[PDB]
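Below you'll find only one chain, the form solved without the ligand, shown as structure tokens.
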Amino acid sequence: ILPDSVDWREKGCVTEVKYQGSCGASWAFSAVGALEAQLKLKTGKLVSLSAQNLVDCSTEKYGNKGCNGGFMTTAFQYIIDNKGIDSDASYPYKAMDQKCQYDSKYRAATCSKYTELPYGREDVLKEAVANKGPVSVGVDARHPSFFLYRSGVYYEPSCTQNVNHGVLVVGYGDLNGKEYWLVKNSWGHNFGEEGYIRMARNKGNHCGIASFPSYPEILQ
């Protein structure tokens, strides 16, 4: 029996909202956000991890294009292959494509594996968010209603299931019966509800939220 509502922020597993600026690095912020929660679950410490590390180092071999887009799954594979990712403090975000500056001396997390969830299955996504932690997802954010969102449960009839923006599902619930996914964005804390958007849940894979979910794990 899953909880009716989940909010990983209340459990100390979510870092402060980040601001990607003019660099299309949402995939990198989605990936580090998911791994940040697993690091807290494993070690008890909450540490912001380096999105810039992914932008600069998880590149053409991983199909990623830095400030021009990428995949959360191949970001996880880079962290696995590299045997680490630096802290955000040591490798801070510059919103630019740079040469790789990874230094194992400042490693703050590792990744053992990642799991992809089946396309469009919001029931499986709910289970993963409840039982595993925050889940990286793509959404279709190419709608003014999306970036103009201020509060409430977001529903856009013109939304598609084809994703183009990486975000992090940190919980779920309902607002007076309107079910939602609790989504951490990387557009700063003045977007939406202090940086978050509550997106329609169980409305036919609204905006592609459950099209391509994935989450990392840190295993002993």
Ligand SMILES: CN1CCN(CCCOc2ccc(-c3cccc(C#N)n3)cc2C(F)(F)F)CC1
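Numbers follow the displayed sequence, beginning with 1.
**Q** Regarding 165-173 and 60-68, which shows the higher C-alpha temperature factor on average in the entry?
**A** Comparing 165-173 with 60-68, the higher average CA B-factor belongs to 60-68.
**Q** Give the stretch, out of 50-58 and 147-155, with the larger mean C-alpha temperature factor in the deposited entry.
**A** According to the PDB entry, the answer is 147-155.
**Q** Out of 90, 112, 136, 74, which one has a C-alpha B factor higher than all the others in the entry?
**A** Top of the list by C-alpha B-factor: 112.
**Q** Can you work out whether the C-alpha temperature factor of residue 103 puts it in the lowest, middle or highest third of the chain?
**A** Within its chain, residue 103 is a highest-third residue by C-alpha B-factor, going by the deposited values.
**Q** Mind checking which third residue 21 falls in for C-alpha B-factor across the chain?
**A** As the PDB entry reports it, the C-alpha B-factor of residue 21 lands in the middle third of its chain.
**Q** Determine, from the deposited record, the chain-internal third of the Cα B-factor for residue 191: lowest, middle or highest.
**A** It falls in the top third of the chain.
**Q** Among the modelled residues of its chain, does the C-alpha B-factor of residue 96 lie in the lowest, middle or highest third?
**A** It falls in the top third of the chain.
**Q** Where does residue 206 sit by CA temperature factor within its chain: lowest, middle or highest third?
**A** Middle third of the chain for residue 206's C-alpha B-factor.
As for the form solved in complex with the ligand, it is not shown, yet the points below apply to it.
**Q** Find out whether any non-hydrogen atom of residue 100 is located within 4.5 angstroms of the ligand in the deposited complex, and reply yes or no.
**A** Taking the distances in the deposited complex, the answer for residue 100 is no, it never comes within 4.5 Å of the ligand.
**Q** In the deposited complex, does residue 149 have a heavy atom within 4.5 Å of the ligand?
**A** Residue-level check for residue 149: yes, a contact with the ligand.
**Q** Consider residue 158 of the chain shown here, and say whether it contacts the ligand in the deposited complex, taking contact as heavy atoms within 4.5 Å.
**A** Taking the distances in the deposited complex, the answer for residue 158 is no, it never comes within 4.5 Å of the ligand.
**Q** Does the ligand come within 4.5 Å of any heavy atom of residue 186 in the deposited complex?
**A** Yes, residue 186 is a contact residue.
**Q** What stretch, of 49-57, 171-179, 36-44, 186-194, brings heavy atoms to within 4.5 Å of the ligand in the deposited complex?
**A** Correct option: 186-194.
**Q** Do any residues of 5-20 have a non-hydrogen atom within 4.5 angstroms of the ligand in the deposited complex? If so, which ones, in sequence order?
**A** Sequence-ordered list: 19, 20.
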